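Source file my_file_21.csv; content: CSV, C-alpha atoms.
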chain,number,residue,atom,x,y,z
A,1,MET,CA,30.9,-21.9,8.0
A,2,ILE,CA,31.5,-21.7,4.3
A,3,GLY,CA,33.1,-18.7,2.4
A,4,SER,CA,36.5,-17.1,2.0
A,5,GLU,CA,38.5,-16.5,5.2
A,6,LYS,CA,37.8,-12.8,5.2
A,7,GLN,CA,34.1,-13.4,4.4
A,8,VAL,CA,33.8,-15.8,7.4
A,9,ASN,CA,35.6,-13.4,9.7
A,10,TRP,CA,33.3,-10.6,8.8
A,11,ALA,CA,30.1,-12.8,9.0
A,12,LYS,CA,31.0,-14.1,12.4
A,13,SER,CA,31.5,-10.5,13.6
A,14,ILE,CA,28.1,-9.4,12.2
A,15,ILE,CA,26.3,-12.4,14.0
A,16,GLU,CA,28.0,-11.6,17.4
A,17,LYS,CA,26.9,-8.0,17.2
A,18,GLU,CA,23.3,-9.0,16.5
A,19,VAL,CA,23.3,-11.7,19.2
A,20,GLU,CA,24.5,-8.9,21.6
A,21,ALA,CA,21.7,-6.6,20.4
A,22,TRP,CA,19.0,-9.2,21.1
A,23,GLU,CA,20.6,-10.3,24.4
A,24,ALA,CA,20.6,-6.7,25.6
A,25,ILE,CA,16.8,-6.7,25.6
A,26,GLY,CA,16.6,-8.4,29.0
A,27,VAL,CA,14.2,-11.3,28.2
A,28,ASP,CA,14.9,-14.8,27.0
A,29,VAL,CA,16.2,-14.8,23.5
A,30,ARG,CA,18.2,-18.0,23.6
A,31,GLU,CA,16.3,-19.4,20.6
A,32,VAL,CA,16.9,-16.4,18.4
A,33,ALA,CA,20.6,-16.4,19.5
A,34,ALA,CA,20.8,-20.1,18.7
A,35,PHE,CA,19.2,-19.5,15.3
A,36,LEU,CA,21.6,-16.6,14.5
A,37,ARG,CA,24.7,-18.7,15.4
A,38,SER,CA,23.4,-21.6,13.2
A,39,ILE,CA,23.7,-19.7,9.9
A,40,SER,CA,26.5,-21.4,8.1
A,41,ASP,CA,26.9,-19.3,4.9
A,42,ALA,CA,29.1,-16.3,5.3
A,43,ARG,CA,27.9,-14.7,2.1
A,44,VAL,CA,24.3,-15.0,3.1
A,45,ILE,CA,25.1,-13.3,6.4
A,46,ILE,CA,27.0,-10.5,4.8
A,47,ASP,CA,24.3,-9.9,2.1
A,48,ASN,CA,21.6,-9.6,4.8
A,49,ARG,CA,23.7,-7.8,7.5
A,50,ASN,CA,21.5,-4.6,7.3
A,51,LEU,CA,18.1,-6.2,6.7
A,52,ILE,CA,18.3,-8.2,9.9
A,53,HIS,CA,19.9,-5.6,12.0
A,54,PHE,CA,18.3,-5.2,15.4
A,55,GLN,CA,18.3,-1.5,16.5
A,56,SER,CA,19.1,-0.9,20.2
A,57,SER,CA,17.4,2.5,20.2
A,58,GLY,CA,13.8,1.2,19.9
A,59,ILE,CA,13.3,-2.3,21.1
A,60,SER,CA,9.6,-2.7,20.8
A,61,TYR,CA,9.5,-1.6,17.2
A,62,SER,CA,12.7,-3.5,16.4
A,63,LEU,CA,10.9,-6.6,17.7
A,64,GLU,CA,7.6,-5.9,15.9
A,65,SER,CA,9.2,-4.9,12.6
A,66,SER,CA,12.0,-7.5,12.5
A,67,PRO,CA,12.1,-9.5,9.3
A,68,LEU,CA,12.5,-12.5,11.6
A,69,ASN,CA,8.7,-12.3,11.9
A,70,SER,CA,8.4,-13.2,8.3
A,71,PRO,CA,8.4,-16.8,7.0
A,72,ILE,CA,9.0,-15.6,3.5
A,73,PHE,CA,12.1,-13.6,4.6
A,74,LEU,CA,13.4,-16.6,6.6
A,75,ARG,CA,13.2,-18.8,3.5
A,76,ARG,CA,16.6,-17.4,2.5
A,77,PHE,CA,18.2,-19.1,5.5
A,78,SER,CA,16.5,-22.4,4.9
A,79,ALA,CA,19.4,-24.2,3.3
A,80,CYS,CA,22.0,-22.8,5.7
A,81,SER,CA,20.6,-22.7,9.3
A,82,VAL,CA,18.8,-24.6,12.0
A,83,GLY,CA,15.3,-23.7,13.5
A,84,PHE,CA,14.0,-21.1,11.0
A,85,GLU,CA,10.6,-22.8,11.0
A,86,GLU,CA,10.0,-21.9,14.7
A,87,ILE,CA,11.5,-18.4,14.6
A,88,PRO,CA,8.3,-16.4,13.8
A,89,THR,CA,6.7,-18.2,16.7
A,90,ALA,CA,9.7,-17.4,18.9
A,91,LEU,CA,9.3,-13.7,18.0
A,92,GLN,CA,5.6,-13.8,18.9
A,93,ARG,CA,6.6,-15.2,22.3
A,94,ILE,CA,9.4,-12.7,22.9
A,95,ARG,CA,7.2,-9.8,21.8
A,96,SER,CA,4.5,-11.1,24.1
A,97,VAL,CA,6.9,-11.4,27.1
A,98,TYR,CA,8.8,-8.1,26.6
A,99,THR,CA,5.5,-6.2,26.0
A,100,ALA,CA,4.1,-7.5,29.3
A,101,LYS,CA,7.4,-6.6,31.1
A,102,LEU,CA,7.1,-3.0,30.1
A,103,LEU,CA,3.4,-2.6,30.8
A,104,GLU,CA,3.4,-4.1,34.3
A,105,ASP,CA,5.0,-0.7,35.1
Translate the structure of the given file into structure tokens.
Amino acid sequence: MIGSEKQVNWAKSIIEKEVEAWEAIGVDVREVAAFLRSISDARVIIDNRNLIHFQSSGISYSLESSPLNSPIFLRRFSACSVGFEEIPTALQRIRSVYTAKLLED
């Protein structure tokens, strides 16, 4: 991961918080977690730390409104990540599975 030492430290911390947030949902998010840990530019992570933030307090809307649904948004990670082409498809799946989970009740 490129950047100053303090930039990298901060960026690695942001990513682990977001991975935690997605993994707290309770459905398979391995592909999203993999994509998040693939981002290799600390400055790009820091700059987008708030735009990508996944809020614990309202999962369904966090899923549905996430900028990870947007190909245009994901273009900013295109030179410094792996798997961004498949991420909107991934979110469709995760939304589909998590929605079903809740509505079986």
* Structure fact -> Between A:48, A:7, A:40, A:57, smallest distance to residue 22 in chain A by all atoms listed in the file belongs to A:57
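Considering all atoms listed in the file, the residue among A:105, A:31, A:41, A:64 positioned nearest to residue 85 in chain A is A:31.
For the residues A:77, A:47, A:86, A:94, ranking by smallest atom-to-atom distance to residue 62 in chain A using only C-alpha atoms places A:94 first.
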* To do: Have a look at CA of residue 26 in chain A and CA of residue 10 in chain A and let me know their distance in Å, one decimal.
  => 26.3 Å
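Comparing the minimum interatomic distances between residue 33 in chain A and each of A:1, A:19, A:72, A:45, counting only C-alpha atoms, we find that A:19 sits nearest.
The shortest atom-to-atom distance to residue 83 in chain A, with all atoms listed in the file taken into account, belongs to A:38 out of A:95, A:29, A:38, A:104.
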* Structure fact -> Shortest contact to residue 2 in chain A, candidates A:80, A:69, A:21, A:56, atoms counted only C-alpha atoms, goes to A:80
* Structure fact -> The distance between CA of residue 98 in chain A and CA of residue 53 in chain A is 18.5 Å
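Straight-line separation from CA of residue 67 in chain A to CA of residue 5 in chain A: 27.6 Å.
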* So which residues touch residue 84 in chain A within 9 Å, counting all atoms listed in the file, skipping near sequence neighbours fewer than 5 positions away, as a ChimeraX atom specification? -> /A:35,68,71,74-75,77-78
